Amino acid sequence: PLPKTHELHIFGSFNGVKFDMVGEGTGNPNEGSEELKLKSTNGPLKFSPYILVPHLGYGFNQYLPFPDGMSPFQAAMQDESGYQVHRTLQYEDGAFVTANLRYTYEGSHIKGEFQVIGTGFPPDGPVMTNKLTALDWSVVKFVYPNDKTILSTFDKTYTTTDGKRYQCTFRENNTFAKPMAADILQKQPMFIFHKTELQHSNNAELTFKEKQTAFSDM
């Protein structure tokens, strides 16, 4: 079926120091909306929680419909053949993050196991000093180099407390076990408008919301 609920185990390290969080959420697969509540399973995060935002669930594209039918993500959930996500994120100050997102399915419930590793963040930079204030709205571009692969790109920017934006070049592959349907492959590029919100009163517990909208035309 289409998803109704999900859980996430997100873990890895930033600048060599481990982190680990767990949480659960819901979403509406007719509209590309999702919500997630997460908490650290040890102490508060030693880095800005905003650095995790694109890995939170964009993190569950099974909630994303396409304009005229199911997204390839949804189709791959429906027969449980699935897909894997691999990403590399290059920040303006030389730091980089790499991630691998993996899923299992139980009816309308998704379980995510997401490994996120970041290195090279300056100790005085906005990530390690908690100066990110929001993730800018984004447009993500998808092309399909072959019938089992989506290449997704965007320029990711955050606002910060001193007014400057903090930039990143984001690249991702989604690799499918079975070919995507012809009606998906025939419409390229596909764009996705992404909006997010994050609330956290401490660096230990987070509430995340997202809305995504696919479009190939205007």
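The numbering used is simple: start at 1 and walk along the sequence shown.
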**Item:** Entry-level comparison of average CA B-factors, 165-173 and 39-47, reporting the higher stretch
**Value:** 39-47
**Item:** Mean temperature factor over C-alpha atoms, higher-scoring stretch between 71-79 and 92-100
**Value:** 71-79
**Asked** If you check the C-alpha B-factor for each of 152, 62, 186, 157 in the entry, which is highest?
**Response** 186
**Message:** Sorting by Cα B-factor within the chain, modelled residues only, which third would residue 53 end up in: lowest, middle or highest?
**Reply:** middle
**Ranked C-alpha temperature factor of residue 25 among modelled chain residues, by third** = highest
**Prompt:** Lowest, middle or highest third: where is residue 107 by Cα B-factor in its chain?
**Reply:** highest
**Asked** Considering only modelled residues of the same chain, in which third does the CA B-factor of residue 130 rank: lowest, middle or highest?
**Response** highest
